[PDB]
Each structure stands twice: as C-alpha cells, then as structure tokens.
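Notes to accompany the following structure.
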Amino acid sequence: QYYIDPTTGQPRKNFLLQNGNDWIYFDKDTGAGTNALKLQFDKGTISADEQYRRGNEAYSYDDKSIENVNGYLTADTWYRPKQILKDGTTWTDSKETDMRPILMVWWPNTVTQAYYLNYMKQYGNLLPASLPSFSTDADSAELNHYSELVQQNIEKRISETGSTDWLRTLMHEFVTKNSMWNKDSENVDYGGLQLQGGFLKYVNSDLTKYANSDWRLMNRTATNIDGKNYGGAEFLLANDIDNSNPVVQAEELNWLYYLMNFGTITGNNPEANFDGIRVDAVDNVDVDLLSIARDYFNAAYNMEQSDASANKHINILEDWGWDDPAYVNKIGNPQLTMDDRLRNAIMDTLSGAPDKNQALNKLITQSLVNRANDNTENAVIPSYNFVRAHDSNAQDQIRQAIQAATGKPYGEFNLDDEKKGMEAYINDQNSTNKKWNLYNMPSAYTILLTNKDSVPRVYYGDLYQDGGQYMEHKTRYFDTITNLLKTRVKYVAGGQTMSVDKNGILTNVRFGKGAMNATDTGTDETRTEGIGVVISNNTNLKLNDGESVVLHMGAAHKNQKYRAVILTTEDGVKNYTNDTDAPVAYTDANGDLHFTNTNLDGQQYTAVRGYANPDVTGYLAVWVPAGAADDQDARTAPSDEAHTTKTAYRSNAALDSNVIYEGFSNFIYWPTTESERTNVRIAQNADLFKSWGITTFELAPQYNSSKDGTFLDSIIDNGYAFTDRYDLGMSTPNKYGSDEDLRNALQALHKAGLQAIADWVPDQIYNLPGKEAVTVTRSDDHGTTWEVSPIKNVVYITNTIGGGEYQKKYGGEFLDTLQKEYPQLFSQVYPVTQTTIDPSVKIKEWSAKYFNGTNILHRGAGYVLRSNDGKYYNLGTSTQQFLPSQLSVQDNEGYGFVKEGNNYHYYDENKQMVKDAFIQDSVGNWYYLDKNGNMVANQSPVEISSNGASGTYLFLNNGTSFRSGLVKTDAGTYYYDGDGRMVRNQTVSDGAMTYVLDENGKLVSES
Ligand SMILES: OC[C@H]1O[C@H](O[C@H]2[C@H](O)[C@@H](O)[C@@H](O)O[C@@H]2CO)[C@H](O)[C@@H](O)[C@@H]1O
Ligand SMILES: OC[C@H]1O[C@H](O[C@H]2[C@H](O)[C@@H](O)[C@@H](O)O[C@@H]2CO)[C@H](O)[C@@H](O)[C@@H]1O
Ligand SMILES: OC[C@H]1O[C@H](O[C@H]2[C@H](O)[C@@H](O)[C@@H](O)O[C@@H]2CO)[C@H](O)[C@@H](O)[C@@H]1O
Ligand SMILES: OC[C@H]1O[C@H](O[C@H]2[C@H](O)[C@@H](O)[C@@H](O)O[C@@H]2CO)[C@H](O)[C@@H](O)[C@@H]1O
Ligand SMILES: [Ca+2]
C-alpha cells in the first residue's frame, strides 16, 4: 500500500500502477495506495466558479454583517462576505471585521459596472494603466473577468497595507461621481426659499412607517390658517420642525418656559431670566405658535391687563408678510409686528443711491401709521421698525465685499477672508459712492428715532463695525446715532406732523410731551421739548432766492430759541450733543422756524442745500429747543389702567418710549481672550445702553452652533443654526461666552433696568448625526412636489436623529409644572390644528416623524439601493427581506455537478449543460465534460483539444484529470505533465525527479 523505488529509497506519489487486472493509485500527499478502479467522484464537489459565487455571498443577513439604515442598503454599504479571497489567491473564512464594499461584487447595471472598472483603473490603479476603457457596448463576460481582477487586486492591496481605510475613501469617491448618487439627481434649485438648493418633504409610507405622521400641516401662516390659500413657505433651512404636531407644540412651549426661566433653571438665579422673545421665521411655521406663546405669556404675566403689565415683557416678531400685522392685531398683539411697509419707505427714499431714491412722500403714507397728522394714541397697530438687521441689508452685502476682496465664490470664506472683506466693506461704508452699504444712514436713523407710534430698533452694525471682536471698532455713525438716541430720550414726544414741499423737502416735527396738534398750547414741560427735522434726498438741491423751508413747531413754541442737533457739511455732518456751541435759530410769533439758501445770522451750515458725502446725500438738519435742563426726560411711563380691548401692547407715548437694541452682527469674531467675549462686554456696558434709552436688549440666539458650514449661520456661528435647542453656551461656550457669561449679562442688564430678549427659533434644527431612512419627495419651499424630479415617494437617507444632551435633559421637563400652574394652557384649542397641545409625550430626541422635511443632502435619488423593478433591498427590518442576488444564497438544485443515469454532467450559471470543456473544482482538481456533456472517468488515454493542438489526457475513475505523475502499465510507463498532457520525446523534471520519455511516451530512464 506504499510504492518505493528500493534502489533510491524514494516513494512514488501521485502514481497509477497496473498489477495484473488490478490498478493501484498512490496519492499525492503520502503515496498511500488505493484501488484505482473504486475511486469515486466526490458528490459534494463544487466548481471554482461556484466557490467564487459563494465566497462573495453575505456572511449573514444580520445588522452586523451588512451596513444599513433601518434595514435599507446604500451605495456606501459594506458587508461581511462568507469568504475573503485573501491576498487575491486564497479563499479564507471571513472574520467579523473583514468588511468589503458591496460595489466590489454588485452594480446596479452594466454601464455602472463598466464605469466602476474605468474608475478603479484610473484612480484606484487596480487594473493595468494600459488597458482600454470599457464602453457602453462592453460584454458581460468581459466585465465580470475584470471585476474579479479588481477584487483580486483589492485583496492584494488590503493584504499589503493591512487596512481598508484607503478603500473606504476610494469607493466613496467613485460613488459620488454617479448622478444617481450625487446632487445631480436632486434637481438643485435656489428659487424661492430653497436657500440650500432644494427640499425633500417627508411623506407617509409603509416602507418607513416609524417616520409617519398624522400632522405635517404646512404653510399654515397668518394668511393660510384653514389651508385653503398659499401661505408663507414652510421650508426654509436644514431640518424643518413640524410645528403643526401638538406634541411638538407642547415641546415648543416647554422650550419657551426654559428660556423665560433660564436663570432660575440653570443657575438658581432669578436675575438671569429673559424678559421677552423674538419669534424667528414667523412666516415659515404654523401660526398656532403665536397664540401658544400669547397664552403662556398671558397666564404667567397677565400681559393683557394693562400697559404697565404688557410693557414689562417686550416681544417682537420676525414677520415679513404684509398681511401679518392685521392678524397679529386680531390675536391681541401678543408680540409686536414689524412695520415692513415703513422700513421699505426708508429703503426707497433714503437708503438708495442718489439716482435711485424716490420722492420722500412715501415715508408719510407707506406704513401701519399715517404720519401727516398723527395726533392720537391707542389708535394704530403697535409695531417696531428698524433700518438694518443682522440679516437685512447686512449679511448679503458683507458677503459681496468678501467675494470682491478675496475673489472666492460667494459665501465661501475663512477668518482671514472675512477680515479682508470687512476692510473693503468699511472703506465702502466710509465712501460717498457706496456699493455695499446703505446711503443716508443719519437721515434713516433720524426718521427711525423721531417717528411717533413706533418702537425703533437700533442695529449693532450701525454703531460698531459688523466684523471685529464685539464692540472693537465704531462705525462713522456711532456719534451721530448715539446723539440721536440721547436726544430722543430728552426731547422726542407728543404729536407728529410730516409733509413734503414743492421742492421735495421733508419736514418732520414732534411737538413735545403734552401737545398732540400744532395748535395745542401744551403743558409745563412741552416748552423745551419736541424736535424739528429737515430732510432732502436731492444731492443737487438748490433753493431759489426767496424760497424757504418752514418747520411748524406749533403754538407751544412761539418766539423760541432752537439749537442744532445735526447739521450737514460738505464732507460729513456736525453733531451737537447739548446746547454748547450749537448754531441757533428762532421761531416766529407763530412757532414757525424758517430756513433758506442763506445762512442764519452768519452761522455756517444753516442754509438748506444739497450735499454728497459719506453721511448725507441730500440734506439733513435736526433742531431742538435750547435751554432744556440736562436731566430732561420726555418719556412716558405705562399706565396701570385696565385695557378695554383684548391686547397686550398699545401704540401710545409709553410704548413709543421704548427702544430695542439688536446687540449683535453675524460677523462678530470668535473671542481670542475671555475679556473679548460678547456677553462679558454686554455685562460691562449695561449703563451705556441705558444712557441711549435702550429699554430692551435683543441678544443673539444663544444656542451653540452646529458648526457644520451648511449655511452662513453655521459658518459664522451666530446661534441660528444649532443641533441642541437647550445648549446655551453650556456644553462649551457659544460665540458670545459660556452660559455663566450669558447669565451675568442678563443680570447686569436687569441691574441697569433693561429687559433682555430671547431669540426663539422654532423653525428648524441642524446637523443631527443619526441617519434614518425616510420616504421623501423633492419639493419646493411650500412642499409642492417637484414635478420633474424622480424623487417622489422614494426612500432616502436623512440626518434626523439626535438633538444633544440638553434636549435630552430638559425636553418636556417643564410640562408638569406648566400644567400644575397654568392648566388653562392645556385646554386652549389652536386655529390651525383645531385642537389642544399634547404634553403626553416628551421630546427628548428628534427623529423624522417630528419634521416636515430637510434641505437636499446630495446623497442622490438612488442612494438607497433598489432592484431593477424598483423593489428596495432590506435586511427585513422595515420591509421584506431582499438582498442583491450576489449577496444571497442560491438554490443549487440542478446546478453544478449533477449525476444523471450513469453519467455526471455540469450545469453552468444558466442551468445549461456544459459540453467539451474542462472545469476545475474548488480544491484544484480538473474535470472534463465531453462533447455529449458527460464527465470522462474511464482511466484511458484520450485525445482532447483544449484549443490547439490535440493533447493526450487520462481521467481517473473519480473523473479527476491525472497530472504531474507516472502511469506504469504492463506495456510501459508514461508521464503526464502539469496540464495533464502526456509528454513525448523529451526530458522533463518534476521536483527531484528527471524523466526521459521516448517518441511513444514510454519512460526510457528516470533519476
Ligand atoms: O404671493 C404669494 C407669496 O407669498 C409668500 O411670500 C411672502 C412671505 O411669506 C413673507 O414672509 C414675505 O417675504 O413676503 C412674501 C410676499 O407676501 C410665499 O412664501 C411666496 O412663495 C409667494 O410668492
Ligand atoms: O429669515 C427668514 C425670512 O427670510 C426671508 O425674508 C427676507 C425679506 O424677504 C427681505 O426683505 C430681507 O430684507 O430680509 C428678510 C430676511 O432675510 C423670507 O422671505 C421670509 O418669509 C422669512 O421668514
Ligand atoms: O396705515 C395708514 C395708511 O393706510 C392706507 O394705506 C395702506 C392701505 O390701506 C393698505 O391696503 C396697505 O396695503 O398699505 C397701505 C400703507 O402702506 C392709506 O392709503 C395711507 O395713506 C395711510 O398712510
Ligand atoms: O422644469 C424646471 C422647472 O423647475 C421649477 O418648477 C417646479 C415648481 O416650482 C414646482 O412648484 C412644481 O410645479 O414642480 C416644478 C418642477 O417640475 C422652477 O420653479 C421652474 O421655473 C422650472 O420651469
Ligand atoms: Ca417650517
């Protein structure tokens, strides 16, 4: 049962021997002999082709074996295969860490497969650089051979690097070059409020049921409560919160309570709570939120009881829609509407270039208030007005200056870029011809701060340079505007008149406290109060000799000395902060002040004429009575008299006595030292703000920025773009300081008698790190289906799960207290939902079910993998378990080596019988299927063309092709080479053995 050559001691291995009628086969490994005629084909044999198919199957359909999102697969999915083609050569059982890209073994179509091969060649170096591009007409057999070659090469590179890090990067780079897997399939469009290039609305589906909602009532703003009109755009930025969901509404109330009691809650400090809110993005949320905030404020503070009660909590609305004020008034002015008519009148008549400004008359009429003869109180819709805001004529133009100074694309910049753009923006601000800054700021602010029936709001960036550390540099308008502010405190009160003369010149008068009309004789304090303003926007203004400008100061101001507050000069303006050295003018017996093209009593700059300089383009002069005491204060305290209408604010002298300060710019820099922190500096300057008559300080939103760079707000970290609603400089400081700095700023403000406004931002949340599979539809800013998009009811990977530790800690945590103290909040029925809020679920973590939609995420319409007929692959978590065929186990019945009658056959991948072909098995044996498809296993030399020319083969009874071995017969000994072909007429070596074969193949000698 062993065969040795007794003369050499050496054993014969892989040796077929005839002994009489018996044949003995001595095996390859040990030379152990068996009856050759009883060798049987191994029924469990599989081909090398089948071994390859199976190696690449998924190890299992576990979450652990196949990267997924809610069970769905993506173009980025890696998986654990059953086996790894280790080092490109050796199939080896996979470890749990042997993840491989699905795109190594699967492609959505042959085109993408072809493109994959070209990419892996060109950028991966995973095929020879010489090889020709595979084209659209490329053959499947050819694609598969080179796909297998890429795998072999990938495996080789993994073996040498010991890593797949490189392959993660390479594969993702390839993925993003496919339209179906990048922004190109997402219909990028910036129309309307698609600020980030488009939206996907979330829709109900059986495929993503955990993301369903019964709400998502969109665009239900002041003009669209019943949903039967168009309304404002629901979608604006990032992850849109569904504020029509009663559970979300209760969480919005919870958050509002957190802000209003922030000091108590986070610092056990009753001096560090906010006093009012700004409602951000009013026209982009369910208007129910306005009544919800109302009702909370009513219950906590009795807002509607009196002016004294309402005015202790000044609230504002970011409500741009021109129909909003009528509605806000109807619901009780719980938060002050803006007057966007009036701000636009300033834009059209003062703020434009000399060739743009329109007739000044618009200032009188285009407003919630007609100001020709404003001689009454509590008669109009109360409102705030402003000339600029952090995002109104600031952020676009400042980005334009940065683009100009650096040449980088619009809205892209680092800190150095910003500084360089800021230098260009300030130089422009200091020019007569401005490209990026508004014109006539002193005149615009003069209108802002001398208007009756208005709460003016002063913008930080008109006092201090927008970019810089907080309050680091002043604008050219700082002296002008603060002079206006102190002057407003001291003198501005009573009735108002405005008119425009035949020369287009505006006269604006306030009579002083105690006088409503030009004919009122006034009270004690009227005399040295009031103000007279002359404005032109005509840089070429020239009065003809004899023509005049008359300010009708009124019957309280007959035969009276006036002095200038502001006069225009050739190069700028002159400010007078008190009577000293201020030019004077006297009213006549009627109370009229007269100006002409001639100076008054030799006083330079007292003639009316046009100028053009960096301050004034046109004309500005401002006059007040001389001889006011230094402590004169023309403000009115709010009455505690019961209201007789359902309203918080009323437009009257007490409300008018308020000034809001928007105390930030988007372009405040991150502090380099603790002393540079915005909130530190606010705390130190509370008495200064007070001295300007600021009664409420609007702080920036205090939420830590998501820092994700996806919009300006998360580039310059203003606090409008955040993951964690309750994290106010708490996990780490915000741009303005730590939460302790915020609390100290609130306390300092309160010590000075100022209120503080919390910026309430219910519209959206950014940068949620948890992926989620959600059925979506590409849509416009109103959630109208984007008709040309293929993304309609398509599963898409969103970033919707998370919200930070403070949302977790505080989410829904004050609802108990609110229900206990103010049960009436929980029975109110809101007009859009037509139901109450729902405190029964606390939101501690966000997910898709709580959102209306998302900006487009550039993952591509087909990022979530589907079969040809549109069926989604899935582990079975959210829909039917279904995997690509290459990942799945196959039914092996009638495939591979099949016995039929007395013969074995081989059926290929198409269940087709294989004829006249060699097939190798998984352990390296070769078999041959003859021209009738029958395996040859007859142990006799047979002629076969493997292609040219004909060779002599021998197949043992198990079907294996005999190779690299001797066959000793009674008629002679023959040698078959490494290809299983009989050797004739040469000398060969096989290991230590040298064989000489004659022309018939008979062994002549060995050694
Ligand atoms: O004409 C309908 C018009 O209305 C809305 O736009 C408003 C927006 O809601 C306001 O906040 C503000 O910007 O004024 C706009 C004009 O009223 C829709 O959002 C818009 O698509 C639509 O054109
Ligand atoms: O901030 C959300 C707000 O943005 C848009 O409003 C513009 C407005 O159209 C302009 O007049 C400009 O001066 O400033 C605003 C803020 O950028 C939307 O139109 C509005 O509906 C939305 O609430
Ligand atoms: O608010 C006083 C103002 O009212 C009228 O103008 C309104 C007009 O009634 C409205 O339809 C609205 O859309 O805008 C106008 C103001 O911009 C008077 O015509 C006007 O003289 C008066 O100042
Ligand atoms: O065909 C391009 C098309 O795109 C946008 O139109 C949207 C539209 O805004 C939607 O409300 C809805 O009807 O689907 C359309 C896309 O199929 C652009 O607004 C439009 O100008 C343009 O024609
Ligand atoms: Ca919204």
Side-chain angles (χ1 to χ4, degrees), residues 1-42 45 47-48 87-90 152 916-931 934-1007:
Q1 79 161 100
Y2 295 87
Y3 193 98
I4 61 106
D5 174 357
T7 64
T8 72
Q10 304 305 127
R12 284 210 171 155
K13 294 182 169 186
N14 188 39
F15 170 49
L16 182 67
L17 170 72
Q18 175 180 23
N19 174 43
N21 280 102
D22 300 347
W23 290 88
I24 305 155
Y25 176 70
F26 303 88
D27 94 353
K28 282 167 171 134
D29 297 333
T30 57
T34 187
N35 183 347
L37 291 179
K38 293 170 188 280
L39 291 166
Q40 293 300 301
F41 179 81
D42 186 333
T45 298
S47 63
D87 195 60
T89 62
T90 313
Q152 276 141 41
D916 197 8
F918 286 84
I919 294 303
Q920 191 186 31
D921 72 11
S922 63
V923 286
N925 300 309
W926 284 92
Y927 303 86
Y928 172 71
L929 291 320
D930 72 17
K931 294 162 178 193
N934 298 316
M935 184 185 278
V936 173
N938 60 337
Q939 196 186 284
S940 38
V942 56
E943 296 303 308
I944 299 162
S945 326
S946 56
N947 259 195
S950 169
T952 308
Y953 295 81
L954 189 158
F955 305 85
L956 297 177
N957 256 61
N958 53 12
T960 59
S961 169
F962 181 81
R963 53 192 60 206
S964 299
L966 299 163
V967 181
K968 175 167 185 317
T969 78
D970 295 341
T973 297
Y974 307 83
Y975 176 76
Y976 292 79
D977 66 22
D979 303 322
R981 299 160 72 94
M982 199 193 132
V983 173
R984 297 173 179 86
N985 200 29
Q986 71 205 247
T987 303
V988 286
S989 296
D990 185 355
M993 295 303 292
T994 297
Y995 308 122
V996 180
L997 304 122
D998 79 10
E999 323 195 42
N1000 295 305
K1002 296 198 195 200
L1003 183 71
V1004 179
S1005 53
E1006 64 187 309
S1007 64

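What's counted below: heavy atoms across the whole structure, side chains too, no hydrogens, waters or symmetry copies. Position 1 is the first residue of the sequence; numbering continues from there.
Taking both residues in full, the closest heavy atoms of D990 and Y995 are given as CB-CE1, 4.0 Å, listed atom of the first, atom of the second, then distance. Here the closest heavy-atom approach between residue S964 and residue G978 is recorded as OG-CA, 3.3 Å. Contact between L966 and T973 at its shortest, heavy atoms only, is CD2-CG2, 3.9 Å. Taking both residues in full, the closest heavy atoms of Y976 and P941 are given as OH-CB, 3.7 Å, listed atom of the first, atom of the second, then distance. Scanning both residues, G20 and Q18, for their nearest heavy atoms gives O-NE2, 3.3 Å. Residues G980 and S961 approach most closely at CA-OG, 4.2 Å, considering heavy atoms.
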- [ ] Determine, stepwise, if the pair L997 / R984 fulfils side-chain contact (heavy atoms from CB on, under 4.5 Å).
- [x] CA-CA 5 Å; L997 304 122; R984 297 173 179 86; 5.8 Å; no
TODO: Kindly indicate, with the supporting measurements, whether the criterion side-chain contact (heavy atoms from CB on, under 4.5 Å) is fulfilled by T969 and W23.
DONE: CA-CA 9 Å; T969 78; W23 290 88; 3.8 Å; yes
Open item on the list: Is there a side-chain contact (heavy atoms from CB on, under 4.5 Å) between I944 and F955? Walk through the geometry before answering.
Closed with: CA-CA 12 Å; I944 299 162; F955 305 85; 3.7 Å; yes
Task: Stepwise side-chain contact (heavy atoms from CB on, under 4.5 Å) check, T987 with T994 - done: CA-CA 7 Å; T987 303; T994 297; 3.6 Å; yes
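With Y928 as the fixed residue, the side-chain contact (heavy atoms from CB on, under 4.5 Å) test singles out one of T960, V942, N934, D916: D916.
For the atom pair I24 CD1 and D27 CG, the distance stands at 13.5 Å (nearest 0.5 Å). Expressed to the nearest 0.5 Å, how far CD1 of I919 lies from OG1 of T45 amounts to 12.5 Å. Atom-to-atom distance recorded for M935:CE and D930:CG is 10.5 Å, nearest 0.5 angstrom. Atom CZ of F962 is separated from atom CG of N14 by 4.5 Å, given to the nearest 0.5 angstrom. The distance from atom CD of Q939 to atom CG of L39, rounded to the nearest 0.5 Å, is 8.0 Å. Note that the CG atom of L954 and the OH atom of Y974 stand 11.5 Å from one another [nearest 0.5 Å].
Judged purely by distance below 3.5 Å, without hydrogens or angles, the side chains of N35 and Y25 never pair a donor atom with an acceptor atom. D921 and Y927 are linked by a side-chain donor-acceptor pair at a separation below 3.5 angstrom, with hydrogens and angles left out of the test. Side chains of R981 and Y953: a donor-acceptor N/O pair is present below 3.5 angstrom, by distance only.
No donor-acceptor distance shorter than 3.5 angstrom exists from the side chain of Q920 to the backbone of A48, with no hydrogens or angles considered. Checked by atom type and distance alone, the side chain of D87 never pairs as donor or acceptor with a backbone atom of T89 at under 3.5 Å. The closest donor-acceptor contact from the side chain of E943 to the backbone of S945 lies at 3.5 Å or more, if one exists at all. At distances below 3.5 Å, at least one donor-acceptor pair connects side-chain atoms of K13 with backbone N or O atoms of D29.
Side-chain atoms of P11 and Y2, non-hydrogen and from C-beta on, never get closer than 4.5 Å to each other. Looking at heavy atoms from C-beta onward, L1003 lies out of side-chain contact with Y975 at the 4.5 angstrom threshold.
For residues 996-1007, the pairs satisfying side-chain hydrogen bond (donor to acceptor under 3.5 Å, both in side chains) are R12-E1006, with sequence neighbours left out.
In this view, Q10 satisfies the side chain to side chain donor-acceptor pair (under 3.5 Å) rule with no residue, not counting sequence neighbours.
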